[PDB]
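Chemist: Input file: query.txt. Contents: compact mmCIF, N, CA and C atoms.
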```txt
# COMPACT_ATOMS: atom_id res chain seq x y z
N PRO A 1 -8.26 94.63 19.01
CA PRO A 1 -7.48 93.82 18.07
C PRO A 1 -8.34 92.73 17.42
N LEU A 2 -7.76 92.10 16.40
CA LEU A 2 -8.41 91.02 15.68
C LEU A 2 -8.26 89.70 16.43
N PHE A 3 -9.14 88.76 16.11
CA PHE A 3 -9.20 87.47 16.78
C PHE A 3 -8.83 86.37 15.79
N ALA A 4 -8.21 85.31 16.29
CA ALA A 4 -7.76 84.19 15.47
C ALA A 4 -8.52 82.92 15.87
N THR A 5 -8.91 82.14 14.86
CA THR A 5 -9.66 80.91 15.07
C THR A 5 -9.31 79.92 13.96
N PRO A 6 -8.90 78.70 14.30
CA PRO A 6 -8.65 77.70 13.26
C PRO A 6 -9.95 77.21 12.64
N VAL A 7 -9.91 76.96 11.33
CA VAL A 7 -11.09 76.64 10.54
C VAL A 7 -10.92 75.25 9.95
N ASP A 8 -11.94 74.39 10.15
CA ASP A 8 -12.12 73.08 9.53
C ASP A 8 -10.97 72.11 9.79
N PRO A 9 -10.86 71.54 10.99
CA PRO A 9 -9.86 70.48 11.21
C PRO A 9 -10.22 69.23 10.42
N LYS A 10 -9.22 68.68 9.72
CA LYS A 10 -9.46 67.61 8.76
C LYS A 10 -9.66 66.28 9.48
N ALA A 11 -10.74 65.59 9.14
CA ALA A 11 -10.98 64.25 9.66
C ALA A 11 -10.11 63.24 8.91
N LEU A 12 -9.85 62.11 9.56
CA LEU A 12 -9.00 61.09 8.96
C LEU A 12 -9.77 60.30 7.90
N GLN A 13 -9.05 59.45 7.18
CA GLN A 13 -9.60 58.71 6.06
C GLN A 13 -9.68 57.22 6.37
N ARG A 14 -10.50 56.53 5.58
CA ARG A 14 -10.80 55.12 5.80
C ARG A 14 -9.77 54.23 5.12
N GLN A 15 -9.36 53.18 5.82
CA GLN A 15 -8.51 52.14 5.27
C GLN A 15 -9.29 50.84 5.17
N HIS A 16 -8.70 49.88 4.46
CA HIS A 16 -9.27 48.54 4.40
C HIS A 16 -8.15 47.52 4.30
N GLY A 17 -8.48 46.28 4.60
CA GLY A 17 -7.52 45.19 4.59
C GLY A 17 -7.27 44.66 3.20
N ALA A 18 -6.44 45.37 2.43
CA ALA A 18 -6.20 45.04 1.03
C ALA A 18 -5.13 43.98 0.84
N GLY A 19 -4.85 43.17 1.87
CA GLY A 19 -3.98 42.02 1.77
C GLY A 19 -4.50 40.88 0.93
N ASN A 20 -5.74 40.97 0.47
CA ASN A 20 -6.29 40.06 -0.52
C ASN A 20 -6.04 40.65 -1.90
N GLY A 21 -5.38 39.88 -2.76
CA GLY A 21 -5.05 40.35 -4.09
C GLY A 21 -5.59 39.47 -5.19
N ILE A 22 -4.71 39.04 -6.08
CA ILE A 22 -5.08 38.10 -7.12
C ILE A 22 -4.96 36.68 -6.57
N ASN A 23 -5.79 35.78 -7.08
CA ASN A 23 -5.67 34.36 -6.79
C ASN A 23 -4.89 33.69 -7.92
N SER A 24 -3.97 32.81 -7.55
CA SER A 24 -3.26 31.96 -8.50
C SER A 24 -3.91 30.59 -8.45
N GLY A 25 -4.62 30.23 -9.51
CA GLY A 25 -5.35 28.97 -9.53
C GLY A 25 -4.41 27.79 -9.65
N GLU A 26 -4.41 26.94 -8.64
CA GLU A 26 -3.58 25.74 -8.63
C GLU A 26 -4.22 24.66 -9.49
N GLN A 27 -3.39 23.99 -10.28
CA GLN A 27 -3.88 22.96 -11.19
C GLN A 27 -4.14 21.66 -10.43
N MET A 28 -4.60 20.66 -11.17
CA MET A 28 -4.94 19.36 -10.60
C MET A 28 -4.09 18.28 -11.25
N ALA A 29 -3.76 17.26 -10.47
CA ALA A 29 -2.93 16.16 -10.94
C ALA A 29 -3.80 15.16 -11.71
N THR A 30 -3.25 13.99 -12.01
CA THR A 30 -3.98 12.94 -12.71
C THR A 30 -3.72 11.61 -12.02
N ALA A 31 -4.78 11.00 -11.49
CA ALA A 31 -4.67 9.67 -10.91
C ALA A 31 -4.52 8.65 -12.03
N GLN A 32 -3.66 7.66 -11.82
CA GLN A 32 -3.35 6.75 -12.93
C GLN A 32 -4.44 5.69 -13.09
N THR A 33 -4.55 4.79 -12.11
CA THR A 33 -5.45 3.64 -12.14
C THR A 33 -5.68 3.18 -10.71
N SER A 34 -6.62 2.25 -10.57
CA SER A 34 -6.79 1.44 -9.38
C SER A 34 -7.54 0.19 -9.78
N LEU A 35 -7.14 -0.95 -9.23
CA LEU A 35 -7.80 -2.20 -9.60
C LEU A 35 -9.05 -2.47 -8.78
N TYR A 36 -9.43 -1.57 -7.88
CA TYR A 36 -10.70 -1.71 -7.20
C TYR A 36 -11.81 -1.05 -8.01
N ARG A 37 -13.01 -1.58 -7.85
CA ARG A 37 -14.15 -1.05 -8.57
C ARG A 37 -14.67 0.20 -7.88
N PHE A 38 -15.75 0.74 -8.42
CA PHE A 38 -16.30 2.02 -8.00
C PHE A 38 -16.95 2.09 -6.60
N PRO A 39 -17.73 1.09 -6.12
CA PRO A 39 -18.35 1.27 -4.79
C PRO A 39 -17.37 1.34 -3.62
N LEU A 40 -16.28 0.56 -3.64
CA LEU A 40 -15.32 0.63 -2.55
C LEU A 40 -14.56 1.96 -2.57
N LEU A 41 -14.27 2.47 -3.77
CA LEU A 41 -13.63 3.77 -3.89
C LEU A 41 -14.54 4.89 -3.40
N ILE A 42 -15.85 4.77 -3.61
CA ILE A 42 -16.77 5.78 -3.07
C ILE A 42 -16.88 5.66 -1.56
N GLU A 43 -16.95 4.43 -1.04
CA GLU A 43 -17.00 4.23 0.41
C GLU A 43 -15.76 4.72 1.13
N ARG A 44 -14.61 4.76 0.46
CA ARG A 44 -13.43 5.35 1.09
C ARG A 44 -13.35 6.86 0.87
N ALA A 45 -13.69 7.32 -0.34
CA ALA A 45 -13.56 8.74 -0.67
C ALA A 45 -14.56 9.60 0.08
N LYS A 46 -15.74 9.06 0.39
CA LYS A 46 -16.74 9.81 1.15
C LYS A 46 -16.26 10.07 2.57
N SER A 47 -15.64 9.06 3.19
CA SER A 47 -15.08 9.23 4.53
C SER A 47 -13.89 10.19 4.52
N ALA A 48 -13.07 10.13 3.46
CA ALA A 48 -11.95 11.05 3.34
C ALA A 48 -12.41 12.50 3.21
N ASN B 1 -4.01 5.92 0.80
CA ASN B 1 -3.76 6.27 -0.59
C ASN B 1 -2.62 5.45 -1.18
N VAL B 2 -1.59 5.16 -0.37
CA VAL B 2 -0.52 4.26 -0.79
C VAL B 2 -1.08 2.86 -1.06
N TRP B 3 -2.05 2.43 -0.26
CA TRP B 3 -2.64 1.11 -0.48
C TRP B 3 -3.52 1.08 -1.73
N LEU B 4 -4.29 2.14 -1.98
CA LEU B 4 -5.20 2.09 -3.12
C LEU B 4 -4.50 2.36 -4.44
N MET B 5 -3.43 3.16 -4.44
CA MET B 5 -2.64 3.33 -5.66
C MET B 5 -1.83 2.08 -5.98
N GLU B 6 -0.94 1.69 -5.07
CA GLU B 6 0.09 0.70 -5.37
C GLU B 6 -0.23 -0.70 -4.85
N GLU B 7 -1.48 -1.15 -4.93
CA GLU B 7 -1.77 -2.56 -4.76
C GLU B 7 -1.93 -3.20 -6.12
N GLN B 8 -1.26 -4.33 -6.33
CA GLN B 8 -1.16 -4.97 -7.62
C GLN B 8 -1.87 -6.31 -7.64
N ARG B 9 -2.20 -6.75 -8.85
CA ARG B 9 -2.86 -8.04 -9.04
C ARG B 9 -1.88 -9.18 -8.81
N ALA B 10 -2.29 -10.14 -8.00
CA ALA B 10 -1.48 -11.32 -7.75
C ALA B 10 -1.43 -12.22 -8.97
N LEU B 11 -0.35 -12.98 -9.08
CA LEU B 11 -0.18 -13.98 -10.13
C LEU B 11 -0.06 -15.32 -9.41
N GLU B 12 -1.18 -16.04 -9.32
CA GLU B 12 -1.24 -17.26 -8.53
C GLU B 12 -0.56 -18.41 -9.24
N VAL B 13 0.11 -19.27 -8.47
CA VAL B 13 0.71 -20.50 -8.99
C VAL B 13 0.41 -21.62 -8.01
N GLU B 14 -0.20 -22.70 -8.50
CA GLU B 14 -0.44 -23.89 -7.70
C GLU B 14 0.58 -24.95 -8.12
N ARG B 15 1.49 -25.28 -7.21
CA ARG B 15 2.55 -26.24 -7.48
C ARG B 15 2.43 -27.42 -6.54
N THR B 16 2.47 -28.63 -7.10
CA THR B 16 2.34 -29.88 -6.34
C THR B 16 3.69 -30.59 -6.34
N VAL B 17 4.44 -30.46 -5.25
CA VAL B 17 5.72 -31.13 -5.10
C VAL B 17 5.52 -32.25 -4.09
N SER B 18 5.29 -33.46 -4.58
CA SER B 18 5.14 -34.62 -3.72
C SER B 18 6.49 -35.04 -3.16
N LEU B 19 6.46 -35.94 -2.18
CA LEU B 19 7.71 -36.49 -1.66
C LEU B 19 8.11 -37.77 -2.40
N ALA B 20 8.09 -37.68 -3.72
CA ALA B 20 8.81 -38.59 -4.60
C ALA B 20 10.11 -37.96 -5.08
N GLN B 21 10.61 -36.96 -4.35
CA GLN B 21 11.85 -36.29 -4.69
C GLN B 21 12.96 -36.61 -3.70
N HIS B 22 12.68 -37.39 -2.65
CA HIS B 22 13.76 -37.90 -1.81
C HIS B 22 14.63 -38.88 -2.58
N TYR B 23 14.06 -39.57 -3.57
CA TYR B 23 14.86 -40.35 -4.51
C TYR B 23 15.73 -39.44 -5.37
N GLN B 24 15.27 -38.21 -5.62
CA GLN B 24 16.00 -37.24 -6.41
C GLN B 24 16.92 -36.37 -5.56
N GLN B 25 16.74 -36.39 -4.24
CA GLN B 25 17.28 -35.37 -3.34
C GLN B 25 18.80 -35.46 -3.24
N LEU B 26 19.48 -34.50 -3.88
CA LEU B 26 20.88 -34.12 -3.70
C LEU B 26 21.87 -35.12 -4.29
N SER B 27 21.38 -36.29 -4.73
CA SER B 27 22.12 -37.33 -5.46
C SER B 27 23.33 -37.88 -4.69
N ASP B 28 23.42 -37.64 -3.38
CA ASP B 28 24.49 -38.21 -2.57
C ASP B 28 23.87 -38.95 -1.40
N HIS B 29 22.69 -38.49 -0.98
CA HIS B 29 21.89 -39.16 0.04
C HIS B 29 20.47 -39.22 -0.50
N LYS B 30 20.17 -40.29 -1.23
CA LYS B 30 18.85 -40.51 -1.80
C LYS B 30 18.29 -41.81 -1.25
N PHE B 31 16.96 -41.89 -1.21
CA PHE B 31 16.29 -43.05 -0.63
C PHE B 31 14.86 -43.11 -1.14
N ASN B 32 14.27 -44.29 -1.03
CA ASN B 32 12.87 -44.50 -1.33
C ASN B 32 12.08 -44.34 -0.04
N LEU B 33 11.02 -43.53 -0.08
CA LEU B 33 10.36 -43.10 1.15
C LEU B 33 9.52 -44.21 1.76
N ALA B 34 8.72 -44.90 0.93
CA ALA B 34 7.84 -45.94 1.44
C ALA B 34 8.62 -47.14 1.97
N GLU B 35 9.72 -47.50 1.31
CA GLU B 35 10.57 -48.58 1.78
C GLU B 35 11.26 -48.22 3.09
N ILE B 36 11.72 -46.97 3.22
CA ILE B 36 12.46 -46.63 4.43
C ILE B 36 11.51 -46.43 5.61
N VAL B 37 10.26 -46.00 5.38
CA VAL B 37 9.36 -45.91 6.53
C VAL B 37 8.84 -47.29 6.91
N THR B 38 8.78 -48.22 5.95
CA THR B 38 8.54 -49.62 6.28
C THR B 38 9.69 -50.18 7.12
N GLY B 39 10.92 -49.74 6.83
CA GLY B 39 12.03 -50.06 7.70
C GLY B 39 11.94 -49.39 9.07
N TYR B 40 11.34 -48.20 9.14
CA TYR B 40 11.19 -47.53 10.42
C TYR B 40 9.97 -48.00 11.21
N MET B 41 9.13 -48.87 10.66
CA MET B 41 8.00 -49.37 11.45
C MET B 41 8.45 -50.31 12.56
N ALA B 42 9.61 -50.94 12.41
CA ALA B 42 10.23 -51.73 13.47
C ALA B 42 11.63 -51.19 13.73
N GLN B 43 12.28 -51.76 14.76
CA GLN B 43 13.64 -51.43 15.18
C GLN B 43 13.77 -49.94 15.52
N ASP B 44 13.09 -49.57 16.60
CA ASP B 44 12.85 -48.18 16.97
C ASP B 44 14.14 -47.44 17.32
N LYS B 45 14.04 -46.10 17.24
CA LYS B 45 15.09 -45.15 17.62
C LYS B 45 16.35 -45.31 16.79
N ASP B 46 16.19 -45.32 15.47
CA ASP B 46 17.28 -45.26 14.52
C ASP B 46 17.12 -44.03 13.63
N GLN B 47 18.01 -43.90 12.65
CA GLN B 47 18.00 -42.75 11.75
C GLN B 47 18.78 -43.07 10.49
N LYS B 48 18.20 -42.72 9.34
CA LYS B 48 18.94 -42.60 8.09
C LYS B 48 18.65 -41.19 7.61
```
Could I get this file's structure written as structure tokens?
Modeler:
Amino acid sequence: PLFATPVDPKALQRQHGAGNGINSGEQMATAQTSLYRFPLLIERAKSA
Amino acid sequence: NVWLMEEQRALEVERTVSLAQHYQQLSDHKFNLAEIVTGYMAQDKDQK
């Protein structure tokens, strides 16, 4: 009699973490004023 | 940030209110200060 044999079992396929999509660029506000001069504002902003 | 945004410029006022207003004080109980303390230099433990 004839013989039977399965041919070419299919390997699986590659996935990736496509949870990264488009970025929505967030805008920036506007600071109004401050009565302090520039060096004290830099001395605070650098620590912040 | 609350301190650096919302700190405001002071509006200074120098006011000189001497005690020449006890003569003006309330117009029902008024007195001259130097005369009454001259009265209080003797005859201790009184009150006006």
Chemist: What are the DSSP helix (DSSP H, G or I) residues of chain B, as a PyMOL selection string?
Modeler: chain B and resi 2-5+33-40
Chemist: As an mmCIF file with N, CA and C atoms, keeping the file's coordinate frame, could you give me every residue of chain A near chain B (at most 6.5 Å apart, counting only N, CA and C atoms)?
Modeler:
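The file below, result-v1.cif, is the result:
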```
data_model
loop_
_atom_site.group_PDB
_atom_site.id
_atom_site.type_symbol
_atom_site.label_atom_id
_atom_site.label_comp_id
_atom_site.auth_asym_id
_atom_site.auth_seq_id
_atom_site.Cartn_x
_atom_site.Cartn_y
_atom_site.Cartn_z
ATOM 1 N N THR A 33 -4.550 4.790 -12.110
ATOM 2 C CA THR A 33 -5.450 3.640 -12.140
ATOM 3 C C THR A 33 -5.680 3.180 -10.710
ATOM 4 N N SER A 34 -6.620 2.250 -10.570
ATOM 5 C CA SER A 34 -6.790 1.440 -9.380
ATOM 6 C C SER A 34 -7.540 0.190 -9.780
ATOM 7 N N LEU A 35 -7.140 -0.950 -9.230
ATOM 8 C CA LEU A 35 -7.800 -2.200 -9.600
ATOM 9 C C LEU A 35 -9.050 -2.470 -8.780
#
```
Chemist: For atom N of residue 23 in chain B and CA of residue 37 in chain B, determine how far apart the two atoms are, in Å to one decimal place.
Modeler: 12.8 Å
Chemist: So how many Å separate CA of residue 38 in chain B and CA of residue 16 in chain B, to one decimal?
Modeler: 24.2 Å
Chemist: So how far away is CA of residue 28 in chain B from CA of residue 41 in chain B, in Å?
Modeler: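 CA of residue 28 in chain B lies 24.4 Å from CA of residue 41 in chain B.
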Chemist: Using only C-alpha atoms, can you tell me which of B:2, B:48, B:32, B:43 comes closest to residue 19 in chain B?
Modeler: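 For residue 19 in chain B, the nearest of the given residues is B:32.
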Chemist: Return as lines of an AutoDock Vina configuration file the box centre and box size in Å, one decimal, for an axis-aligned box around all listed atoms of range 22-33 of chain A padded by 3 Å per side.
Modeler:
```
center_x = -4.4
center_y = 21.1
center_z = -9.6
size_x = 8.9
size_y = 41.9
size_z = 13.0
```
Chemist: Mind rebuilding range 18-39 of chain B with N, CA, C and O atoms and writing that out as a PDB file, keeping the file's coordinate frame?
Modeler:
```
ATOM      1  N   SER B  18       5.290 -33.460  -4.580  1.00  0.00           N
ATOM      2  CA  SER B  18       5.140 -34.620  -3.720  1.00  0.00           C
ATOM      3  C   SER B  18       6.490 -35.040  -3.160  1.00  0.00           C
ATOM      4  O   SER B  18       7.546 -34.582  -3.604  1.00  0.00           O
ATOM      5  N   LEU B  19       6.460 -35.940  -2.180  1.00  0.00           N
ATOM      6  CA  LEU B  19       7.710 -36.490  -1.660  1.00  0.00           C
ATOM      7  C   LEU B  19       8.110 -37.770  -2.400  1.00  0.00           C
ATOM      8  O   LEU B  19       8.416 -38.800  -1.805  1.00  0.00           O
ATOM      9  N   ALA B  20       8.090 -37.680  -3.720  1.00  0.00           N
ATOM     10  CA  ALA B  20       8.810 -38.590  -4.600  1.00  0.00           C
ATOM     11  C   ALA B  20      10.110 -37.960  -5.080  1.00  0.00           C
ATOM     12  O   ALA B  20      10.648 -38.378  -6.104  1.00  0.00           O
ATOM     13  N   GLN B  21      10.610 -36.960  -4.350  1.00  0.00           N
ATOM     14  CA  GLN B  21      11.850 -36.290  -4.690  1.00  0.00           C
ATOM     15  C   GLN B  21      12.960 -36.610  -3.700  1.00  0.00           C
ATOM     16  O   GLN B  21      14.083 -36.133  -3.889  1.00  0.00           O
ATOM     17  N   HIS B  22      12.680 -37.390  -2.650  1.00  0.00           N
ATOM     18  CA  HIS B  22      13.760 -37.900  -1.810  1.00  0.00           C
ATOM     19  C   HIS B  22      14.630 -38.880  -2.580  1.00  0.00           C
ATOM     20  O   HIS B  22      15.824 -39.025  -2.271  1.00  0.00           O
ATOM     21  N   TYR B  23      14.060 -39.570  -3.570  1.00  0.00           N
ATOM     22  CA  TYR B  23      14.860 -40.350  -4.510  1.00  0.00           C
ATOM     23  C   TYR B  23      15.730 -39.440  -5.370  1.00  0.00           C
ATOM     24  O   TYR B  23      16.807 -39.846  -5.809  1.00  0.00           O
ATOM     25  N   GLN B  24      15.270 -38.210  -5.620  1.00  0.00           N
ATOM     26  CA  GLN B  24      16.000 -37.240  -6.410  1.00  0.00           C
ATOM     27  C   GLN B  24      16.920 -36.370  -5.560  1.00  0.00           C
ATOM     28  O   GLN B  24      17.838 -35.739  -6.098  1.00  0.00           O
ATOM     29  N   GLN B  25      16.740 -36.390  -4.240  1.00  0.00           N
ATOM     30  CA  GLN B  25      17.280 -35.370  -3.340  1.00  0.00           C
ATOM     31  C   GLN B  25      18.800 -35.460  -3.240  1.00  0.00           C
ATOM     32  O   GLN B  25      19.330 -36.414  -2.656  1.00  0.00           O
ATOM     33  N   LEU B  26      19.480 -34.500  -3.880  1.00  0.00           N
ATOM     34  CA  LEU B  26      20.880 -34.120  -3.700  1.00  0.00           C
ATOM     35  C   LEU B  26      21.870 -35.120  -4.290  1.00  0.00           C
ATOM     36  O   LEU B  26      23.068 -34.821  -4.395  1.00  0.00           O
ATOM     37  N   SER B  27      21.380 -36.290  -4.730  1.00  0.00           N
ATOM     38  CA  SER B  27      22.120 -37.330  -5.460  1.00  0.00           C
ATOM     39  C   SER B  27      23.330 -37.880  -4.690  1.00  0.00           C
ATOM     40  O   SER B  27      24.184 -38.554  -5.277  1.00  0.00           O
ATOM     41  N   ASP B  28      23.420 -37.640  -3.380  1.00  0.00           N
ATOM     42  CA  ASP B  28      24.490 -38.210  -2.570  1.00  0.00           C
ATOM     43  C   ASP B  28      23.870 -38.950  -1.400  1.00  0.00           C
ATOM     44  O   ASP B  28      24.442 -39.910  -0.876  1.00  0.00           O
ATOM     45  N   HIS B  29      22.690 -38.490  -0.980  1.00  0.00           N
ATOM     46  CA  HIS B  29      21.890 -39.160   0.040  1.00  0.00           C
ATOM     47  C   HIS B  29      20.470 -39.220  -0.500  1.00  0.00           C
ATOM     48  O   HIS B  29      19.660 -38.317  -0.268  1.00  0.00           O
ATOM     49  N   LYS B  30      20.170 -40.290  -1.230  1.00  0.00           N
ATOM     50  CA  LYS B  30      18.850 -40.510  -1.800  1.00  0.00           C
ATOM     51  C   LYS B  30      18.290 -41.810  -1.250  1.00  0.00           C
ATOM     52  O   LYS B  30      19.037 -42.717  -0.864  1.00  0.00           O
ATOM     53  N   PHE B  31      16.960 -41.890  -1.210  1.00  0.00           N
ATOM     54  CA  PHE B  31      16.290 -43.050  -0.630  1.00  0.00           C
ATOM     55  C   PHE B  31      14.860 -43.110  -1.140  1.00  0.00           C
ATOM     56  O   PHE B  31      14.310 -42.112  -1.614  1.00  0.00           O
ATOM     57  N   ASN B  32      14.270 -44.290  -1.030  1.00  0.00           N
ATOM     58  CA  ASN B  32      12.870 -44.500  -1.330  1.00  0.00           C
ATOM     59  C   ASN B  32      12.080 -44.340  -0.040  1.00  0.00           C
ATOM     60  O   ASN B  32      12.423 -44.952   0.979  1.00  0.00           O
ATOM     61  N   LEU B  33      11.020 -43.530  -0.080  1.00  0.00           N
ATOM     62  CA  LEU B  33      10.360 -43.100   1.150  1.00  0.00           C
ATOM     63  C   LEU B  33       9.520 -44.210   1.760  1.00  0.00           C
ATOM     64  O   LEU B  33       9.586 -44.454   2.966  1.00  0.00           O
ATOM     65  N   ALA B  34       8.720 -44.900   0.930  1.00  0.00           N
ATOM     66  CA  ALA B  34       7.840 -45.940   1.440  1.00  0.00           C
ATOM     67  C   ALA B  34       8.620 -47.140   1.970  1.00  0.00           C
ATOM     68  O   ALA B  34       8.231 -47.735   2.986  1.00  0.00           O
ATOM     69  N   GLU B  35       9.720 -47.500   1.310  1.00  0.00           N
ATOM     70  CA  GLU B  35      10.570 -48.580   1.780  1.00  0.00           C
ATOM     71  C   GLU B  35      11.260 -48.220   3.090  1.00  0.00           C
ATOM     72  O   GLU B  35      11.353 -49.051   4.003  1.00  0.00           O
ATOM     73  N   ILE B  36      11.720 -46.970   3.220  1.00  0.00           N
ATOM     74  CA  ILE B  36      12.460 -46.630   4.430  1.00  0.00           C
ATOM     75  C   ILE B  36      11.510 -46.430   5.610  1.00  0.00           C
ATOM     76  O   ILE B  36      11.875 -46.730   6.749  1.00  0.00           O
ATOM     77  N   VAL B  37      10.260 -46.000   5.380  1.00  0.00           N
ATOM     78  CA  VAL B  37       9.360 -45.910   6.530  1.00  0.00           C
ATOM     79  C   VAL B  37       8.840 -47.290   6.910  1.00  0.00           C
ATOM     80  O   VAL B  37       8.529 -47.536   8.080  1.00  0.00           O
ATOM     81  N   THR B  38       8.780 -48.220   5.950  1.00  0.00           N
ATOM     82  CA  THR B  38       8.540 -49.620   6.280  1.00  0.00           C
ATOM     83  C   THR B  38       9.690 -50.180   7.120  1.00  0.00           C
ATOM     84  O   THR B  38       9.466 -50.972   8.042  1.00  0.00           O
ATOM     85  N   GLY B  39      10.920 -49.740   6.830  1.00  0.00           N
ATOM     86  CA  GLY B  39      12.030 -50.060   7.700  1.00  0.00           C
ATOM     87  C   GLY B  39      11.940 -49.390   9.070  1.00  0.00           C
ATOM     88  O   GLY B  39      12.403 -49.953  10.062  1.00  0.00           O
TER      89      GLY B  39
END
```
